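# Architecture at a glance
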Amino acid sequence: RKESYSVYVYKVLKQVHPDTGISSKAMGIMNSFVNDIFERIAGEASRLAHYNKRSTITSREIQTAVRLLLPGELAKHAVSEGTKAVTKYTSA
Amino acid sequence: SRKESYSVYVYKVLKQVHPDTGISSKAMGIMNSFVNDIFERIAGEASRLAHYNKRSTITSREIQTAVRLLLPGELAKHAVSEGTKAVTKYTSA
Amino acid sequence: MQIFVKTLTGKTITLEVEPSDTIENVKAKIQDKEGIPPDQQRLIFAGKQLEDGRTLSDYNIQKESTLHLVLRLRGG
Amino acid sequence: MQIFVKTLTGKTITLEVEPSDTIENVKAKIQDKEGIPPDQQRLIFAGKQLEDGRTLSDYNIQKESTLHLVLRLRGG
Amino acid sequence: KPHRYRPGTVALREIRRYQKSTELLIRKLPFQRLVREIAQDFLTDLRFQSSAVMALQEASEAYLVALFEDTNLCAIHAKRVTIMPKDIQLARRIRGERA
Amino acid sequence: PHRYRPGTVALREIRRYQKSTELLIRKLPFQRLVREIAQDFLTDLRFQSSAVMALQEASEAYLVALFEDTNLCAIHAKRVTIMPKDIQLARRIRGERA
Amino acid sequence: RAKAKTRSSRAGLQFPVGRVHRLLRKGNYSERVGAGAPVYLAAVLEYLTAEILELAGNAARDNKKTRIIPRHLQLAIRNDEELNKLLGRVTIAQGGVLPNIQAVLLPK
Amino acid sequence: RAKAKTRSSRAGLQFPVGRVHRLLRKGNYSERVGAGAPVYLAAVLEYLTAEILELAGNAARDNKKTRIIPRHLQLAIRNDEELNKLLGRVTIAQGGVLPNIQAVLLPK
Amino acid sequence: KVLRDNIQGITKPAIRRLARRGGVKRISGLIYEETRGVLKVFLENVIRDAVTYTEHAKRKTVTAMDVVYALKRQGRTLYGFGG
Amino acid sequence: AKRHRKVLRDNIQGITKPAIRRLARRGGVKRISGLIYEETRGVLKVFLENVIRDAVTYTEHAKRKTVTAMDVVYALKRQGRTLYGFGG
Amino acid sequence: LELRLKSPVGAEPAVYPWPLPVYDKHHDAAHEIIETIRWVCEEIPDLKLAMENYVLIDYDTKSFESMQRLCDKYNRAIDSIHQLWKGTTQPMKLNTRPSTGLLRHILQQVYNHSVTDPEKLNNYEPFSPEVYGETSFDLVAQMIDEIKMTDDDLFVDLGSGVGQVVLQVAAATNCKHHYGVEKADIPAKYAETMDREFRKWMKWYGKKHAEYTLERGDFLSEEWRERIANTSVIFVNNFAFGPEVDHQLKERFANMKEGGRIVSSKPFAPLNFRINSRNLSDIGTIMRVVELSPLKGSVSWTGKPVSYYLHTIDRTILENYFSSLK
Amino acid sequence: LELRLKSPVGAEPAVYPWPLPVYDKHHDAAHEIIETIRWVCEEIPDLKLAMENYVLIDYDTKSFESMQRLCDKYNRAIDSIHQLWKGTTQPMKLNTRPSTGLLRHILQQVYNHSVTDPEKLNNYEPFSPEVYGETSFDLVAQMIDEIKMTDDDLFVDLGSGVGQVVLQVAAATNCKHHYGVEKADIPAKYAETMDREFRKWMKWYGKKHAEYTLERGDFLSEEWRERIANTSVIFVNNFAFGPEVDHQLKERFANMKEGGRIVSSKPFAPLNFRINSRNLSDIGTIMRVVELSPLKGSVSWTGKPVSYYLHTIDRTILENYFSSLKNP
DNA sequence: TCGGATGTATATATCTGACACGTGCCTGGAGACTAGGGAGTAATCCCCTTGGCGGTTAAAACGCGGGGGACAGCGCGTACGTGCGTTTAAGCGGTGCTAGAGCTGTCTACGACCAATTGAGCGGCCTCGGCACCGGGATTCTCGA
DNA sequence: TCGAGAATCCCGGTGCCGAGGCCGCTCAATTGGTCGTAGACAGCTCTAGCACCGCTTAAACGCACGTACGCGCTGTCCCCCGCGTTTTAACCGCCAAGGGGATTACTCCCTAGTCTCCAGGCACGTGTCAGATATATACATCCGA
Ligand SMILES: C[S@@+](CC[C@H](N)C(=O)[O-])C[C@H]1O[C@@H](n2cnc3c(N)ncnc32)[C@H](O)[C@@H]1O
Ligand SMILES: C[S@@+](CC[C@H](N)C(=O)[O-])C[C@H]1O[C@@H](n2cnc3c(N)ncnc32)[C@H](O)[C@@H]1O
């Protein structure tokens, strides 16, 4: 029983381009993309908690790993997107 | 508090190789940076092999193949023989 | 009566059946004697892909019929 | 009698001492009133670096003497 | 009367031909034999999933296409139009491969 | 009076500085440069003195390694003087000019 | 007891917070994982996948198609300046290359 | 009970097996660490440090010195072909560069 | 059963075709033996790492993930085969 | 009074013309065009502004106001430039 | 043992104490009084020729009797042209806003008497919203000449600092009332002195300013939700506030009326904002963002030009979207 | 319905059954008998002219009566020069070692009759010491001409496989007795047929070989510790043995006497071995390692040239070390 | 090829502060034991890799020609090196100051763990529309006049 | 320049298979508690980062001159591009066989965790030698002749 991000990539695509599909070969590339930047961010957040003698990865380690890894204006809009999610999560 | 380095152990190896030469304290700090760098490369690669093969333990089989992945040609050939010679002496004693 | 349930591997059994038995009851008795889970089993009856809702009698299935077991698995 | 144990911080105490007290007994009484561990304490007595083996009387140490506490720590 | 193009015309037509497509440019069965004889250096029986030979080919295409892009810049730098073997050697030197 | 031909003393300076390991940039003009790049972060910063030496050892090793690749791009064009299009060609092949 | 509501819905996300949380605990990254750490990470992964599918759907429209092909992902990444910095060491299968001819090579 | 014998001595090593074992358990590499894994790793680290100190002591002797300087580590690594492949992305502080002049630049 | 001389299966038209996706409009005749030597050094390094991943998994078949893992630790990461 | 911060202004000048020569002499170059010195101050301004900013943000994450020798190591070693001798 | 001036309109003039307290290591409140005279020397285009014989760029300014000079010709020699007040002439009507030459001088002067120790402004938690920085006179002058405040606008500086930004806007704009809020107690303590000293040096020249109020408190409070929405133009210096307190301000700005101007260091909306079904609730839906022209020496913490942004609220972008939905 | 030959010295000659069993898809035991005749056609320099009229490079070899031809002139026409045995002539004295032309032919012939299914040799655990590979005739001929075996040496092939390496050494070297050990049961089963077929085809030509023995068993056993140390020259094909069973062999090789030759695929000691106080116990202390000249088609699993190594034990390197221990 | 001149290696005095040795202590590594679960191993199943075969035709190879680009030589002018004299500011050393890194001690709130529940996501399934391919339509582009 | 001709875009048509939607059914995520320890926070200590002084002199700066190198131009010439045939073998579709990847079950042996114990390594003190420096002499390099 396998699993992938294919259900969730197809949901985001219908929000952006509501009448547009995606090839199964192109969906396999988007799974490789999400898995790449998962363990790219999570590997850097793991080193930040180890450099500072902590044992917990919090959303503050995730935030400054985004700023290290993403370039320029992607890092600005990924941080304002990630903090918007956390405030809606902890109020609701 | 106190510290930990490899400076006791780098110095013992130096006295086995060149028993008449010494080492400055700035070259000793470069050897500590080297040992910590190769430790992180090997232990990081061996950690990644256990996750690929869905294992939860790092054994000396996975340290061996991380040496083959990371070291260049003849360095990888002699570091494997020095590694197996140590493990076989350890298990008999 | 009985039916001949042949597999794709060349294995033919004798499954003693009833007209009131559903396809779910057919897929439950093979596991009782062989051990194959019922999400892996299909019956070739003149090429028709059967459905677990109705019985054998609602497909004009005669006794001593040759049913070929199509073995599918849980993914690709 | 007593001695004046001045620190490098500008803090001067009155430690009532004996001639038979070793330097270990001096380094044990400061922690009793201040709280500094005895691997951090030195006594300037005309610049001389003292040793925990002998007493105060074996260094010509007069009462009401000015001893400057040199504060070292466990590494660099 | 055998109407023929001037040299460089068909070559620029082939730049646009192959920078528009995405297909593999090496023949597949001759590439697969090259993979199976490099694996003869080990011993012996290796079995190579068909998806793995396609993954090696897609990576060897992208290596060589991106190496001719840097080789081309080294020939323009020397005010030439032909690429020459000393342009591949310079490009791999600065890239950190030839050393 | 005596006067060396041009190129003679320049080859003497190759041998002079490839033999030494010293820092080639002055230290107070470099430290002053580091502290005014750090002014772009609004807040006050301090720079432990070992960190300014780590940045200078890293910046000079970068530039020396970039002039080795720049020199190979000038020889490739049958020149002896290096020139700004040799730095730009060296950084594009290396992957930095983007 | 109360009706089950997913952590993605109360965060307002499309990506799964609960699956991201499982992969952080499984992956040997730290001893312990905070509560808002998979919420923050799933929002960033959803943002970045919406940036590529934005640009790749624009490339699919310019070539008069209605599906996204690996060529359209390649054109989306290499034409955007900051997606080219992330994915600069990445090769995309059946993606091709950008059409680019050096101006010296053109006739006259 | 029996006299304590270190794991480095029964392996025949100079590097500490027990400290390498602690750093593997501390460093979040796996859930579990085998018994011979720190023995194998400490032997490789001792081998590689004996290869540099072999070559750096030879460079220190050629420059008529009796101590090893960061220049001698730089000359040892860059003159050996396989130590240059490991440490090719490494800069050594106060190490300098190899003496190398291109043959075109030489007079006549 | 021994298989030999297979870089010659990478023909002169194939190398010329890769150069024109790279944007090269004129090619000297000595390029073709240089390109076969650069390609063999590239494939030997990736297959050496992909075969040592399938030693450790104790297999016989080199899977597509062994190639994706081998390319990833050379900095040449590759999407579309299961990474 | 004046002022809360005294602003340092040029400081790339700083890296002077005889110091860009003698860096080019360890590189082994024999002759230098006059336009190299402005090109070599744009580079070293792009570099060393990517190392800081990634040295800070390791300092910010530690809540620490003083960028140490580590965080420069770890800034380098994140750009693929491991530096020995300071040091991890 | 002191020296004193006279107010050219009539008030409590100027107490300059003994030896000229420290404004820096090298100008030490010298060169400031002689530049104060040069602005009373205008508008009044009389003293340029009337004191042409006496005033100079002279030496010997470290003594006292030479500092008795250049004010004795102000404590006495201003009266020979002051005297003409009988019947036909009043000096000035008060409805004159200062030009950008002397308003720069008044704001520079009021800063020196008020901020006694500018290094105490550097006491903050690092990388926090309380870090301190100032905006130069040249950019606030640019900001006024881009927002074009009419007679019915309200100006609020969110995090006004010591408060020099609301003073320039209160002296160059005819609006009703201006506000500045400040949480941190060190610049809010200097803001009280800055408030007092501004009004007395603005009555001294006899120039008109608008009404203003410098307050303490947090703008992230329930009191400020209503009165952010009731103001026309907002200046905020959000360069190191962070993403959390910028996310808070984006949902206070969603209540502002039409034509709401917002000037900030970092933009609250991207410059190229595409609207789709994923970012409908975003603040960038309802505002247009342009970048102001960057000028040298724009901020106080660095030397390179930092450019600010202008936000203009018009809720028609979401009315030009939802016009292609079918 | 069959065909048969005659032994030119006198023994049970040759049974070649009907229709020529499969050696490959396209040569099918044809072309082999006509090359077998060409070596009896020499040394004996008589049949080159005596059958000049009849033998040819003719067509029509798929039938039977044409295969009755080219052996009827062997089952009958050899007798016209055989006949002269009376009184003054015996054909050959048995003390002739074959040249490298027909020994290649005898070893190629004995391989085809013995290994009936060469694809069964590929049944092994992968990347294990039991992987199979062969060494070509050209490299074993190089190996003999570099070790220079005297009259008092012992040869052991560790992991002899099917056993073709000890057969070439037993037919080109005058030593006492030669050994080959093999653990895996599939090539050891073909080694028994290879043993039988070698002796009968070597008596057929009337050529002399040394004595040899092909055995089963593990060379990592207690029996083989003593008899490794008692042999002068050792061949081992350790290309995919691995580092564990190479570390085992390095401490069996430490007991060999002086002038012990060891030929291997991968070297047991580095080519540039420096001795210091850290590697005194190593096996490279006591042996000199040279690399043999690489030749094309040297091994059986690949086409590129694999070069072997020569180890020579002389314990004087550690006697030229310990001669500088108190020089400074 | 030869000669005056500047540079660089060789040799001797001399001196300091940094490396190497000794000592005392303490904390982290070793020894011994239990408990349980990860991985070894054996058995089974079926996907999928390998091999072969034949026909068709796309592509490779060598047919073979000539234009254009590489390369060498030459001449001119300018820009870079060398060197000398002046000027700036680095570097050293020293003192002084405080702030902030680093540490310790409480204590609490957050996260791991567990069990019960249940709905989202996965697998299988039919189906239709996008997309590929097609012939024949029109439009542009290169090249010799 | 403007026809001639080969390349390419453009416009309907056919068809086919892969995407996208439906449905049933887990099993993984969620809800609700408990527990204990990681980390937050306050308070303290004291190193080291910062600022400032004066002085000496090393290095930077500016200028001038000549020459060597860059660069533009010309000319030859050979090598690379191009297009039609007789040549090779890739590609495709098909069948066939069996190794080997993948799963499941049993179970044993290896590792985590515990407590106790103790000696190795770390800090501190110390002493002396190696290397830096200065000086003088000696030989290799450079450039005019
Ligand atoms: C960068 S200063 C700007 C000073 C002034 N606006 C200027 O430009 O001249 C920002 C100020 O906002 C203040 N601040 C930060 N958060 C605040 C809040 N939540 N409520 C009120 N003031 C706040 C801080 O005290 C800081 O002094
Ligand atoms: C590569 S084959 C060499 C065959 C033969 N030496 C040749 O070159 O023609 C190596 C053989 O050694 C055998 N082998 C491996 N380990 C062995 C052992 N421990 N004892 C005996 N034979 C062993 C294997 O069966 C394998 O067939």
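Residues numbered from 1 in each chain as written, not as in the entry; some residues may be left out. Chains lettered and ligands numbered in written order. Heavy atoms only, no water. Residues with missing side-chain atoms left out of burial classes, pairs and counts.

## Some remarks on the protein's contact with DNA strand N
Spelled out, the test is: The nearness test applies per residue and asks whether one of its heavy atoms lies within 4 Å of the molecule or strand. Here a polar contact is taken to be a pair of N or O atoms separated by no more than 3.5 Å, where protein atoms must pair a possible hydrogen donor with a possible acceptor and residues adjacent in sequence count only if both atoms sit in side chains. We call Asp, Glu, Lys and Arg charged. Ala, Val, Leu, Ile, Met, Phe, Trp, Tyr, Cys and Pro are nonpolar, and the rest, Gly among them, are polar.
What surrounds DNA strand N is a group of 83 residues, the closest being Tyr-9 of chain B, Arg-33 of chain E, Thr-8 and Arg-35 of chain F together with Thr-16 of chain J. Put simply, 99% of the atoms of DNA strand N that lie within 4 Å of the protein are in sugar or phosphate. Measuring from a base oxygen of DNA strand N, one finds a side-chain N or O atom of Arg-1 of chain G at 3.1 Å. Here the residues of the surface near DNA strand N are counted per class, giving 23 nonpolar, 22 polar and 38 charged.

## Observations concerning the packing of aromatic side chains
Geometry of an aromatic ring pair is reported as the spacing of the ring centres plus the angle between the planes. Threshold: Pairing of aromatic side chains requires ring centres within 6.5 Å, counting the rings of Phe and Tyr and the six-membered ring of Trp. Pairs whose planes differ by under 30 degrees are stacked, by over 60 edge-to-face, and all others tilted. Numbering goes from the N terminus for both helices and strands, where a helix is a DSSP run of H or I of at least four residues and a strand is a run of E of at least two. Relative accessibility under 20% of the residue-type maximum defines a buried residue, over 50% an exposed one, and the middle range a partly exposed one, all with a 1.4 Å probe and only protein chains included. Two conditions define a charge located above a ring, namely a distance within 6 Å from the ring centre to NZ of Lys or CZ of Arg, and an angle within 35 degrees of the ring normal.
All told, the structure shown has 34 aromatic pairs over all chains when counted by the stated rule. With a centroid separation of 5.7 Å and an interplanar angle of 65 degrees, the aromatic rings of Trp-201 of chain L and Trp-204 of chain L are classed as edge-to-face. Within this pair, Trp-201 of chain L and its partner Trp-204 of chain L are both found in helix α9 (residues 185-204), separated by three residues, close to a single helical turn. The two residues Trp-201 of chain L and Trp-204 of chain L agree in class, both being buried. Ring geometry for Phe-239 of chain L versus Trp-301 of chain L: centroids 5.2 Å apart, planes at 35 degrees, classification tilted. Of this pair, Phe-239 of chain L sits in the loop between β6 (233-236) and α11 (243-250) while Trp-301 of chain L sits in the loop between β8 (287-291) and β9 (309-313), placing them 62 residues apart in sequence. Here a set of aromatic residues connected by ring pairs shows up, and it is made of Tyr-16, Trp-201, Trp-204 and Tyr-205 of chain K. Here the basic side chain of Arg-227 of chain K rests over the ring of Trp-224 of chain K, its NZ or CZ set 4.0 Å away from the ring centre. Taking NZ or CZ as reference, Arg-199 of chain L lies 4.2 Å from the ring centre of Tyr-212 of chain L, over its face.

## Notes on the site of ligand 1
Residues and elements named next belong to chain K. Basically, it comes down to this: Methods summary: accessible areas were calculated by the Shrake-Rupley approach with a probe of 1.4 Å, and residue burial reflects only the protein chains presented.
Close to ligand 1 lie 20 residues, the nearest being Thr-135, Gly-159, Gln-164, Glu-182 and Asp-218. In the model, an oxygen atom of ligand 1 is placed 2.5 Å from a nitrogen or oxygen of the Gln-164 side chain. About the coverage of ligand 1: the protein hides 96% of its 600 Å² of free accessible area. Its residues assigned to classes, the shell around ligand 1 comprises six nonpolar, eight polar and six charged.

## Quick look at the sheet that holds β6 of chain L
Residue and element names in this part refer to chain L. What counts is decided by this rule: Two strands pair if DSSP finds at least two bridges between them. A fitted line through C-alpha atoms serves as each axis, taken over the contacting stretch for helices, and the angle formed by two N-to-C directions is quoted from 0 to 180°.
The mixed open sheet is built from seven strands, whose spatial order is β5-β4-β3-β6-β7-β9-β8. Looking along the sheet, the strands with just one partner apiece sit at the ends: β5 (211-216) and β8. Strand-to-strand, the axes of this sheet are offset by a mean angle of 15 degrees, without reference to chain direction.

## Brief notes about the pattern of salt bridges
Going by this rule: By salt bridge we mean one thing: a side-chain nitrogen of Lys or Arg within 4 Å of a carboxyl oxygen of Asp or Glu.
Considering all chains together, one arrives at 75 salt bridges over all chains under this definition. For the salt bridge of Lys-84 of chain A with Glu-81 of chain A, the shortest nitrogen-to-oxygen distance reads 3.9 Å. Of this pair, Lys-84 of chain A and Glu-81 of chain A both sit in helix α4 (residues 73-91), three residues apart, roughly one helical turn. The partly exposed category is assigned to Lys-84 of chain A, whose relative accessible area is 33%. On the basis of relative accessible area, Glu-81 of chain A is assigned to the buried category, the value being 15%. Among the charged side chains, a salt-bridge network with shared partners connects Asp-69, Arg-91, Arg-94 and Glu-96 of chain F together with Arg-81 of chain J.

## With respect to helix α4 (residues 84-94) of chain F
Under the convention used in this document: We call two residues in contact whenever any of their non-hydrogen atoms come within 4.5 Å of each other.
Those residues of α4 of chain F lying buried are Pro-84, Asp-86, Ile-87, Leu-89, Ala-90, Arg-91 and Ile-93 of chain F. If you follow the buried residues of α4 of chain F, they end up packed against α3 (50-77) and α4 (85-95) of chain E, α3 (49-75) and β1 (81-82) of chain F together with α2 (36-39) of chain J. Downstream of α4 of chain F by one or two residues, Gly-95 of chain F has phi in the positive range, about 105 degrees.

## Focus: α4 of chain A
As a reminder, the rule being used: Expected span of a helix: the number of residues minus one, times 1.5 Å.
Compared with an ideal rise of 1.5 Å per residue, which puts 19 residues at 27 Å, α4 of chain A spans 28 Å between its outermost C-alpha atoms and is within 8% of the ideal. Of the residues making up α4 of chain A, those classed as buried are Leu-74, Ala-75, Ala-78, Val-79, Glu-81, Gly-82, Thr-83, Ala-85, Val-86 and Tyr-89 of chain A. Tucked into the core, α4 of chain A has its buried residues touching α3 (59-69) of chain A, α1 (7-11), α3 (37-62) and α5 (83-86) of chain G together with α11 (243-250) of chain K.

## A closer look at the arrangement of the chains
Spatially, chain D and chain H are disjoint, and the shortest separation between their C-alpha atoms is 21 Å. A minimum C-alpha distance of 14 Å separates chain C and chain I, which share no contact.

## A short note on the interface of chain H and chain B
How large an interface is tends to be reported as the accessible area lost when its parts come together. Operational definition: A 1.4 Å probe defines the accessible area here, and the buried area is the portion of it lost by two parts on being joined, summed over both.
Listed by partner, the interface residues are 54 residues for chain H and 55 residues for chain B. Around 5000 Å² of area is buried between chain H and chain B when both sides are counted, 71% of it from carbon and sulfur atoms. At the junction of chain H and chain B, the tally comes to one salt bridge. We note a salt bridge from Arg-22 of chain H to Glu-4 of chain B, for which the minimum N-O separation is 2.8 Å.

## Quick look at the interface of chain J and chain A
On the side of chain A, ten residues touch chain J, which itself brings nine residues to the contact. Summing both partners gives a buried area of about 1000 Å² for chain J against chain A, and 47% of it is carried by carbon and sulfur. Ranking the residues of chain J by area buried against chain A places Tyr-58, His-61 and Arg-78 of chain J at the top, with a combined share of 56%. Taken together, the links from chain J to chain A amount to one salt bridge. In this assembly, chain J and chain A are joined by six residue pairs in polar contact. Along the lines of polarity and charge, the residues of the side of chain J that touches chain A split into three nonpolar, two polar and four charged.

## What about the protein's contact with DNA strand M?
With respect to spatial proximity, 82 residues lie near DNA strand M, and among them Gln-49 and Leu-73 of chain C, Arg-3 of chain F, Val-33 of chain G together with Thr-66 of chain J are the closest. Restricting the count to atoms of DNA strand M within 4 Å of the protein gives a sugar and phosphate share of 96%. The separation between a phosphate oxygen of DNA strand M and a polar side-chain atom of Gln-49 of chain C is 2.4 Å. With respect to DNA strand M, the side chain of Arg-3 of chain F contributes an N or O atom lying 2.4 Å from a base oxygen. Across the surface near DNA strand M, the residue classes tally to 23 nonpolar, 23 polar and 36 charged.

## Focus: the packing of α4 of chain A against α11 of chain K
Note the following rule: By definition in this entry, angles of less than 35 degrees are roughly parallel, angles greater than 145 are roughly antiparallel, angles of 65 to 115 are roughly perpendicular, and the rest are oblique.
As a packed pair, α4 of chain A and α11 of chain K sit with axes 10 Å apart at the nearest point and diverge in direction by 70 degrees. The angle between α4 of chain A and α11 of chain K places the two elements in the roughly perpendicular class. Where α4 of chain A abuts α11 of chain K, its residues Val-79, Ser-80, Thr-83, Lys-84 and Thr-87 of chain A lie against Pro-243, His-247 and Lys-250 of chain K. Per-class residue counts for the contact of α4 of chain A with α11 of chain K are two nonpolar, four polar and two charged.

## Examining a nonpolar patch on the surface
Our working definition: Residues qualify for a patch when their relative accessible area is over 30% and they have no salt bridge, like charges being joined within 9 Å and the nonpolar side chains of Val, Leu, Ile, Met, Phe, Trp and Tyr within 5 Å.
Taken together, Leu-280, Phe-322 and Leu-325 of chain K make up a surface patch of nonpolar side chains, about 290 Å² in accessible area. With respect to the element layout, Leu-280 of chain K can be found in the loop between β7 (261-264) and β8 (287-291).

## Considerations on the layout of surface pockets
Residue and element names in this part refer to chain L. Here is the rule we go by: Using protein atoms alone on a 1 Å grid, points that fit a 1.4 Å probe yet trap it form a cavity, whereas open point sets bounded by protein on both sides within 12 Å along at least five of seven lines form a pocket; residues with an atom within 4 Å of a point count as lining. Grid points are joined across faces, edges and corners, and a volume is the space filled by probe spheres set on the points. The domain boundaries here were taken from an automatic or database domain assignment.
Its volume calculated, the second largest pocket comes out at about 1600 Å³. Lining the second largest pocket are 45 residues, with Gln-108, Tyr-111, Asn-112, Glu-134 and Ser-300 sitting closest to its centre. Elements with a minimum of two residues in the lining of the second largest pocket: α1 (33-40), α6 (102-114), α7 (137-147) and α8 (164-170). The element best represented in the lining of the second largest pocket is α6, accounting for seven residues. Grouping the amino acids of the lining of the second largest pocket by side-chain chemistry returns 18 nonpolar, 18 polar and nine charged. Counting contributing residues per domain, the lining of the second largest pocket is built from domain 1 (3-85) and domain 2 (102-320), each supplying no fewer than three.

## A word on the site of ligand 2
All names here are of chain L. Near ligand 2 lie 20 residues; those nearest to it are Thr-135, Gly-159, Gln-164, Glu-182 and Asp-218. In this structure, a nitrogen atom belonging to ligand 2 sits 2.8 Å away from a main-chain N or O atom of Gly-159. Between ligand 2 and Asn-237, the relevant distance is 3.3 Å, taken from an oxygen atom to a side-chain nitrogen or oxygen of the residue. Relative to its free-state accessible area of 600 Å², ligand 2 is covered by the protein chains to the extent of 96%. Tallied by class, residues from the shell around ligand 2 come to six nonpolar, eight polar and six charged.

## What about the environment of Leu-3 of chain L?
Residue and element names in this part refer to chain L. By secondary structure assignment, the location of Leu-3 is in strand β1 (residues 3-4). For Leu-3, a relative accessible area of 10% gives the class buried. Separated by 13 residues in sequence, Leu-3 and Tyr-16 place their C-alpha atoms 5.8 Å apart. Not counting the four nearest positions on each side in its chain, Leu-3 is found in contact with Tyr-16, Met-67, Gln-68 and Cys-71.

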